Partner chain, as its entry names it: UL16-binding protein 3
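This document starts with one chain, in the form solved without the partner chain, laid out as structure tokens.
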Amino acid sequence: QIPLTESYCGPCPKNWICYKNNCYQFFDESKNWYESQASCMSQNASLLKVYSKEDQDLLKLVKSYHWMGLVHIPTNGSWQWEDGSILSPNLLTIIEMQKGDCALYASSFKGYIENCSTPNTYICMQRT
């Protein structure tokens, strides 16, 4: 019946989810990947980025598929985040059943290749 802790969680937008100082918001208003990235920025953010299984383990409980910021730019390149930031090793296991240059996040760190024009729900993220 140990030392009770009690701390606030680093500024986040209003009514957003806060965890290990990262802010999340789950939008159910299905939109294509482009329209999707717009909403996030509109509220000053981007689509959910996966950078570490320790500070985002909550991510293991998400149900269904949702848009994240992983995209493939035909530069004869690899997959990356919409911000030019590099995907790191030992994080995501990617799945391919469709043709696409965008990806939906699935529970337990996995990316599903999906058409960027296909509407879907999405998750925005804002660090601190």
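Think of the rigid core as the biggest set of C-alphas that the two forms share within 1.5 Å after superposition. Residues that one form lacks are left out of the comparison. Numbering follows the first chain given and starts at 1.
Participant: Take the C-alpha B-factors listed in the entry for 71-79 and for 49-57, compute each mean, and give the stretch with the larger one.
Facilitator: Comparing 71-79 with 49-57, the higher average CA B-factor belongs to 71-79.
Participant: Test of understanding: from the entry's C-alpha B-factors, which stretch has the higher mean, 82-90 or 62-70?
Facilitator: 82-90 has the higher mean C-alpha B-factor.
Participant: Give the position of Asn120 by CA B-factor within its chain, expressed as the lowest, middle or highest third.
Facilitator: Lowest third, going by the recorded CA B-factors of the chain.
Participant: Could you say whether, by C-alpha temperature factor, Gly10 belongs to the lowest, middle or highest third of its chain?
Facilitator: It belongs to the highest third of the chain when residues are ordered by C-alpha B-factor.
Participant: Would you please rank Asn21 by its C-alpha temperature factor against the other modelled residues of its chain and give the third it falls in: lowest, middle or highest?
Facilitator: For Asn21, the deposited C-alpha B-factor lands in the highest third.
Participant: Compared with the other modelled residues in the chain, in which third is the CA B-factor of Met97?
Facilitator: Top third by C-alpha B-factor.
The form deposited with the partner chain bound exists for this protein as well; it is not shown, and the discussion that follows is about that form.
Participant: Taking the partner chain as it sits in the entry with it bound, is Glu96 near enough to touch it, meaning that at least one heavy atom pair lies within 4.5 angstroms?
Facilitator: Taking the distances in the entry with it bound, the answer for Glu96 is yes, it comes within 4.5 Å of the partner chain.
Participant: Quick one: which residues from 15-54 get a non-hydrogen atom within 4.5 Å of the partner chain in the entry with it bound?
Facilitator: Heavy-atom contacts within 4.5 Å come from no residue here.
Participant: With the two forms aligned on the rigid core, which of the residues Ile73, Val62, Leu91, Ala38 moves its CA by 2 Å or more between the shown form and the other one?
Facilitator: If I go through the list carefully, the shifting residue is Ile73.
Participant: Core superposition done; which regions of 3+ residues show CA shifts of at least 2 Å throughout between the shown form and the other one?
Facilitator: Residues 73-77, 96-99 form the shifted runs.
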